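Residue numbers (UniProt numbering), protein chains in the order written: chain A, 135 to 140; chain B, 503 to 580.
Cβ atoms here follow ideal geometry from the backbone N, Cα and C, with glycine treated the same way.
Report on one structure; see the data block that follows.
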């Protein structure tokens, strides 16, 4: 759910 | 040189690129010296617990050091 991970 | 140039990175992608570069440096350390690799692994895990490769490598190094005495950690990661 993290945009950083995406 | 990449880490030096990281200071010029845009703030939006700065965190992601810093995490990637620290992971690469930790891999190079794991090739050279496992202690600094584990230190940077802990640093990145605190920085980003959601990453999997960092946790996988850290638990793998621990299992190498502990002779597979951290089965609970492997099950938790699974």
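By the neighbour-count definition (other C-beta atoms within 10 Å, threshold 16), residue 535 of chain B is an exposed residue.
Our two residues, residue 562 of chain B and residue 514 of chain B, have alpha carbons roughly 32 Å apart in a direct line.
One Cα belongs to residue 511 of chain B, the other to residue 136 of chain A, and the distance between them is close to 20 Å.
Collapsing the DSSP output to three states places residue 569 of chain B in coil. Among the CB atoms of chain A, one or more fall inside 8 Å of the CB of residue 517 of chain B.
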